[PDB]
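In structure tokens, the next block holds one chain alone, the form deposited in one PDB entry.
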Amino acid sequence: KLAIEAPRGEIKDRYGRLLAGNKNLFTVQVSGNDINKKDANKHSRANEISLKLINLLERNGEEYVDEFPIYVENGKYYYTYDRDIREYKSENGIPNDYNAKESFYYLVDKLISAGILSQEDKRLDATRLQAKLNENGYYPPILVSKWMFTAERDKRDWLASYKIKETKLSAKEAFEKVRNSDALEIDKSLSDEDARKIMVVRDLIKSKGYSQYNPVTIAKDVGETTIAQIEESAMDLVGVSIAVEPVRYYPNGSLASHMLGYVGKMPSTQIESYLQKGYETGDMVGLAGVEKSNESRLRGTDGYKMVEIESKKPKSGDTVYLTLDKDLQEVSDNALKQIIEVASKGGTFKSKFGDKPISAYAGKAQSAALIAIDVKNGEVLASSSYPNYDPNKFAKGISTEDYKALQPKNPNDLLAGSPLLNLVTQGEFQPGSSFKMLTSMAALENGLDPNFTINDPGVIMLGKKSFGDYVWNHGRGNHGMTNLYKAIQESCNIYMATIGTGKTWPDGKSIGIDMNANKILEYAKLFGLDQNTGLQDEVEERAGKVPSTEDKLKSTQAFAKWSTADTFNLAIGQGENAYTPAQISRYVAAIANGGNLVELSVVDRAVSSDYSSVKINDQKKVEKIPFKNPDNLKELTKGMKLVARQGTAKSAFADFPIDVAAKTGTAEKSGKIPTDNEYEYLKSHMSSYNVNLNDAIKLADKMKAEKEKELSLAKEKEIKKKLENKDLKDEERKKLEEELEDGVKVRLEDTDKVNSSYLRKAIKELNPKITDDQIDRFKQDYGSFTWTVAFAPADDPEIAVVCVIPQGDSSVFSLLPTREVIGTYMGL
């Protein structure tokens, strides 16, 4: 009884346009039984056919399967296992010296700094943490049980075959012991160059099947020349034949890359998982997006063949329809490619609705994210991340150059350089001035009269720390006489400060409406901003659960009131808590749809072989936000309409056919993006700081030793005070006593963090004038972004659009995408 693999199902748009599909290639297959067949001859024709075959392909310039885990880089023998380990570490700036356990938790500490995982995620069973990494699209090739790398277990087990119980480490030596193993029996009168072409084919065939099975593939795509060449020379090359094997293709390439996902090799760290699930070794599996989400559905139903006699025919995978409109997704992808392009070296944003001039460097931004949802039912109509990818690079499965060289980037700033990262579900950001409608919604529900106005000072002093409108921080801060509508309209932080705190702050604290942070954070929770969006079981979503009330207490003690200055920040978007575009989308959508919390969906329907369908996304929860008076939202949209026509977004929308509600979020630079190596950065610019390098190293090294001496002593003094405890168990004391004899040598960590902390210290001593800014002068700018959130047509809404350009500074950058995606939707 032999398994047949079903044709993989198709992924289509809401209207039936193909996004993921199949296409047939011509493959070379070798039957390991037939080539190793022996009878009267002393030796199998296996080795000769392997050589013949290859030499044929290398003549036709044809790419072949090479998984043989010893390669020669310019006459030097090396393990591929050994190479993949260090390639992984350098992939995300991990120190080579770092072991399996410290290489894993290092990846964790990065993603935790990037907001993808939380601090409570680290204090967590390591398999549940590998699950969280795995769920977000991270696959560290690390077995958490024995704290070792797959490549090592894989090397030991690969050497175990050919009965090499030697374990003596030598790539040059190992190459031989296998070459003349009882199992291979390769003739010695052949050079290790042509003798290695042999092993590629034999070692492959050996690995895939131990129990007799069906053929193995040695070329996945081969041209007309090498087809007819291998049919006519069939009797010469017994075992070698031409089959057809289907492959994954995405005709629109990079379109909806992140929602769609990719198929590729089964991830090394759970091959046993997939083999008990009934998978072959030579098998492609969805590893991201809907491809993985619906792996079981799209994989279809295996049909056996008897052991030719064809018994049970397979059943093709249900066709899965997304909620994405291709037409709109196209505009959304093209939009964001364009803003990043035109923003670099300057240009014009070309728009159906009026092209705009743009000059360079106002952002210096590499990334972008945008989402568009149906506000009634939470169906996602378009979802674009930049950087993105071609799912096709993976169909065949390149796993060295295209994968390594371009699929990650600088690991000390991954949000702006991870093409596999869906910034829309997985990238959290400080919501800027788009939070304001949450603050205003809280104030309204706690009595606020929208028409109440203030003579805007444009700045609030709180002991020579000044919280001011941007219009103040750049001149005289005044929005003159200012009610809620003008506050939302021109984005007055002073108005929001006053309503968020429930008191008139420049002149004491009174107001008479009773509003605090807890009430704002309440209205955060009500708009589902501490909640997963609905996409998490369909695509990669960063979990949105925010720290609990009792979980925040327990880390404080091992107070809980809100400062005025903090409340001020929280009111206007600045805050501990950061949120993803898809999260905001639900929040703005709730304004647009009259106070309903829609659960987002990307998978619409599946359609079986018998052309019947089912609606996957009709379980989705719509839920009446428990507002005191939902008519309060109509004052938000009254505000957000003025933003479009007269406000912060008139540049884009003022001369736009459709009534658009909108709010802009924008934040300026606040520091610098760290390097992958501080220490070397400081060495590279030692001259530029007017400091001798040798001297600075010799001093930094001195300053360290002096901190150690200091730590060492204060250690000795603690052990000795501890030893004066009258009643101390003898084992306890035998430990402390044995430290003082051989130990009392405290050492610093030897990190980039530590060794570079001390070098910067040495620099400032030998240049007593230089500033941190001047030292950090060469680094990229951190802490800037622009949000545009909008919904339309404002007076009877249908669609919400959220757009973010991180490291961007001009709200033009976010507005114009939003404006295209809304324009397109309404059929203009």
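Between two forms, the rigid core is defined as the largest C-alpha subset superposing within 1.5 Å. Each residue number is its position in the shown sequence, starting from 1.
Beyond the structure shown, there is the form deposited in another entry, which is absent from this document and is the topic of what follows.
Compared between this form and the one not shown on the core, the listed residues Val240, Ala644, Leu255, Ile494 keep their C-alpha shifts below 2 Å, save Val240. Core-superposed comparison between this form and the one not shown: CA of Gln531 displaced by less than 2 Å. Core-superposed comparison between this form and the one not shown: CA of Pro581 displaced by less than 2 Å. If you fit the rigid core between this form and the one not shown, you'll see the Cα of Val28 move by 2 angstroms or more.
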